[PDB]
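Undergrad: Mind folding the following:
(chains A, B, C, D, E, F, G and H)
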Amino acid sequence: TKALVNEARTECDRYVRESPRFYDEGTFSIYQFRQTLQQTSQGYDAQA
Amino acid sequence: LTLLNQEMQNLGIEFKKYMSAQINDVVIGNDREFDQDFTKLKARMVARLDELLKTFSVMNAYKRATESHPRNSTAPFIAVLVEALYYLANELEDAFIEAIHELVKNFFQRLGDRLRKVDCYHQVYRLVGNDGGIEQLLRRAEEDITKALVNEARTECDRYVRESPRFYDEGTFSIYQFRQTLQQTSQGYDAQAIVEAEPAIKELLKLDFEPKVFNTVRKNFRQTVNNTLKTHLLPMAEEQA
Amino acid sequence: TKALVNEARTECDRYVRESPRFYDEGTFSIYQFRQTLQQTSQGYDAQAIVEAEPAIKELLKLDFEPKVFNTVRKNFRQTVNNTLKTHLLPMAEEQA
Amino acid sequence: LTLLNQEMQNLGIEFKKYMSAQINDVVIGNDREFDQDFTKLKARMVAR
Amino acid sequence: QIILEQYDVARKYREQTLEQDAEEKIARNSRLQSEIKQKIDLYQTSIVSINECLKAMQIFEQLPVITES
Amino acid sequence: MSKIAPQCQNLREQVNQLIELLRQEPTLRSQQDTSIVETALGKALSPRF
Amino acid sequence: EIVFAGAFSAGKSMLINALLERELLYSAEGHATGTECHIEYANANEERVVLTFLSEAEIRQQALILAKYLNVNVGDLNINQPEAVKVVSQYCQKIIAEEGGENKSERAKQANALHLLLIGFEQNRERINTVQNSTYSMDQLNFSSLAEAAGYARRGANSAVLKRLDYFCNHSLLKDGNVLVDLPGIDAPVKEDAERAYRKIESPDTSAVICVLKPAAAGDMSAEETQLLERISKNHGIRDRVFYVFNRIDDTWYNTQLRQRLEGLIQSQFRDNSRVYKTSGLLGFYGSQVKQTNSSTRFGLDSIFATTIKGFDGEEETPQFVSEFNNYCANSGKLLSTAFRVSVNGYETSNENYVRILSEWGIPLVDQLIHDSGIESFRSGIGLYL
Amino acid sequence: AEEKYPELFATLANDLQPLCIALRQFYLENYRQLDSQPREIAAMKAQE
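TA: Numbers count the residues shown, from 1 in each chain, chains lettered A, B, ... in the order given. See below for the structure:
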């Protein structure tokens, strides 16, 4: 049981690593924040 | 007996006038020592900003990111920027707080030293076998003003973490430069490859932060200090009278 | 409470400062006093000045509304959140 | 006796967690009563 | 968690010297208090003499000390 | 001297004791201003005009 | 290890002599260039000193530097060449004569330094090794007493070529195991000397540091003093083991402006003052020495100040200590709260006025003067700390 | 004889008072701080 839980924990932590499929521009660009920032998000609230 | 009462009233009026004169001399800028202390404050702040930014390291930010997330040995490349912002803001806030402490204590010590010479405060001990409450109220106001100023500085400094548009200028540094390292150039999970981009991000942080610090220090702090002093001391002087 | 009242007092005193919106000529010029002064105000009574009240009211509207809107909508929420989160947590640690 | 000491330590941890949860609920805006009070604040200020 | 578990054992181990430490601390505090008390009486005598000097010819009162408690 | 008085024969030693106490205290030497009092004392004893 | 550091001519050596109540070191202005001093305990029958001379290499280095500054056209083999040594010595003498005196100008001081360096190298050549530093004792150098060795090192040339001096004497202060290390002036012309002093103060072996500060006489702080203070504060190991001493405080007893400047400076900079002290090393030491004299010697004028009282035209030059004693009695006013009623006569000479004052009053006045100097307070404080 | 001579003592006292004020304040502060501590061993041990 200890060996298997160690195996699972070690293998699962690799998921956090950003795969290139996380960077596909056509689906979602990370710069979409700027449109909210430029006077659209009138405050520090993350509601936008 | 009535002459004694007259003298006490005149003493109170004189003390109020002296405190108002001192505070307004500070406000106008006629207090040369306070001007020296404030220019030292501003120079120290600008020097700290410049030195800290020019000495920034990506590895320290990545180490901070790893600390912030104990349950993982790897941090995304983007966490470097976030921890850089937070580290800059936090260190600047600490410098603000320490310098504010220094300035406030020095000003209060100078005021106390020069206040123990005039005949107005001198005359209190002649007709009364004690000082009344001048020292107690002075120390109370010292603590209150210090707390108010440190709260002001902490509240104003936390806005720096917010990403200004100057942080997004593409021509200086694009955020997508990570992909070139990722695509088989970074053969591993080690962030050593990211070290190549350090100068560009340093310049970007310069562009983003310098206007914030310059505006804050040159605009607000002088007025905040003057306002806190003039709004805290005057009522205390009235209560002492 | 002391910290928040100090914050509010410090932030509110900036309103007295004359913003450029207080100087817009097209709405109200300050020289309109001279017409009252030049033999129109036959005395030292300020009754004549009452005629200009609406224009100065509009000027004060223009000058002040942006200040109050900006302050209330931007700063106070963050100030309150920051004060609470920075005061209570150390007190909780000391209690523990 | 040692079980009592354990219980005291756990109590301290729980109190810290509860206070953090309450403050962060206020920060996020999940505290409906606080939102009501703050909107009353803003409306009163504008009306005044 | 474990180290702070056994505070009772540490106190049982330090009880052999806690009493002596407390007695020494009390003695130190009393000694220093009496020292500054003696200094205060010397200062009081000096100020009393000074005030008596200037009283014969002028009106003034330098600060005395009394009921310091 | 018309106003020569006996009480202040030992004013000398009282002032000496005050300055000695000030010197003894280390921290209070920041405020040390004994010698203005000294000059005032000098013009007090054997006054000159 | 108690190390004394500060500006040149700040009175470190004189302050040390005041602490020891002994004229061990030389208070020569323009002559103490790179001479490090060490004082250690020794039995009354074990009083001894060890002298380390500058090697021929070090002598050549400083001679080359001084010649470069003095713009004398000579080679690098001058110190070994007799004729070149004579040429450079005459050039330095001409510079001094043109400047009107060794202490008149910076160039004059450096020219005299080079002149005495070369003279000592010629005089002590047998005692100077080509590369290594030569070390000798009194028995090796035929010195019969510590006073004789102190006089030998007091000479300008011998001090110019002497590198390190390790004296050993019986003193209760040194009994505990305290070593008094006097360092070259931080503002000394030799960058190497200043660096050596800085390294010594920064050295972990330095148990305590004593900073002698000039502002008591200057009215403000020198740049080198500020640099030393900054370096001390930055050094964590020693910033908590540093004591400050303001020497030459006698100048402010009669000058009120310099005095207010000093008081404002101390209140502004040093927030803590349990480690700060004010003293007059000259007056304390000289009073301690005078306490050992009597009327037969004119209270030390014929014995202690015989060298400094002999004028060129036969007139008795007033010793600096006699002048400052008369000033202390007249204008300082530190006597102004005591039972003494000193009176300075303007129709008399300074030396004769001194003779009369101490003849009427005696040693109690000297004890009051020493108490005013305050050497005992600093000594007792540092001893209690250790 | 009458006006000036008393004045010297007056200015002397006026210049003298400040240092006496400082001495009294410092000594009183030290005394009250020392008296703040408990004197009974039973209560003292609890602090340790």
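
Undergrad: Now the longest helix along chain H: buried residues?
TA: Longest helix in chain H, counting residues (DSSP state H): helix H:4-36. Using 16 or more other Cβ atoms under 10 Å in any protein chain shown as the test for burial, helix H:4-36 gives H:5, H:8-10, H:12-13, H:15-24, H:27, H:30-31, H:34. For the C-beta atoms, the positions are set from N, CA and C on the backbone; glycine is no exception.

Undergrad: Check which helices and strands that helix sits against.
TA: Judged by 3 or more Cβ pairs under 8 Å, 6 or more residues apart in numbering or on different chains; DSSP states H and E, helix H:4-36 is in contact with helix B:119-127, helix E:7-55, helix F:11-24, helix F:34-44.

Undergrad: Between those helices, which one is closest to residue C:38.
TA: Closest approach to residue C:38 among the helices and strands packed on helix H:4-36 (Cβ to Cβ): helix B:119-127, 49.8 Å.

Undergrad: Check whether that closest one comes near chain F.
TA: No: under the criterion of Cβ under 8 Å from any Cβ of the partner chain, chain F is not reached by helix B:119-127; the shortest gap measures 14.8 Å.

Undergrad: check contacts around the residue in chain E that chain F sits nearest to.
TA: Closest approach between chain E and chain F, counting by Cβ to the nearest Cβ: residue E:53, at 4.1 Å. Taking Cβ atoms under 8 Å, 6 or more residues apart in numbering or on different chains, we find residue E:53 in contact with F:5, F:7, F:8, F:11, F:14.

Undergrad: Can you add neighbour count and distance to residue G:113 and give those residues back as CSV?
TA: Output for the contacts of residue E:53, formatted as CSV (neighbours: other Cβ atoms under 10 Å in any protein chain shown; distance: Cβ to Cβ, whole Å):
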residue, neighbour count, distance to residue G:113
F:5, 12, 62
F:7, 14, 62
F:8, 19, 57
F:11, 21, 54
F:14, 19, 53
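
Undergrad: Direction-wise, compare the longest helix of chain H with helix E:7-55 and give the angle.
TA: Interaxial angle of helix H:4-36 relative to helix E:7-55 (axes from the mean of the first three to the mean of the last three Cα atoms, to 10 degrees): 160 degrees.

Undergrad: What sits closest to the spatially most central residue of chain F if chain neighbours are left out?
TA: For chain F, residue F:15 is the residue whose C-alpha lies nearest the centre (Cα atoms, centre = their mean; 3.9 Å). Excluding its sequence neighbours, the residue lying closest to residue F:15 (Cβ to Cβ, 6 or more residues apart in numbering or on different chains) is residue G:337, at 5.1 Å.

Undergrad: Next, count neighbours for the one you found.
TA: Residues near residue G:337, counting by other Cβ atoms under 10 Å in any protein chain shown, number 24.

Undergrad: if I look at residue G:385, how far off is residue G:266?
TA: 20 Å (Cβ to Cβ, to the nearest Å).

Undergrad: Pick out the residue of chain F closest to chain D.
TA: In chain F, the residue that lies nearest chain D is residue F:27 (40.6 Å; Cβ to the nearest Cβ).

Undergrad: Count the residues that sit near that residue.
TA: With other Cβ under 10 Å as criterion, residue F:27 counts 11.

Undergrad: Also residue G:236?
TA: Residue G:236, neighbours per other Cβ under 10 Å, totals 7.

Undergrad: now do residue F:17
TA: Neighbourhood size, residue F:17 [other Cβ under 10 Å]: 19.

Undergrad: State the distance from the closest residue in space to it that isn't next to it in sequence to residue B:106.
TA: Excluding its sequence neighbours, the residue lying closest to residue F:17 (Cβ to Cβ, 6+ apart) is residue E:46, at 4.8 Å. Applying Cβ to Cβ, the value for residue E:46 to residue B:106 is 33 Å.

Undergrad: who's more crowded, the two?
TA: residue E:46 (22 against 16).

Undergrad: what does stretch E:11-28 contact?
TA: Residues outside stretch E:11-28 that contact it (Cβ under 8 Å, 6+ apart) are H:39, H:41, H:44, H:45, H:48.
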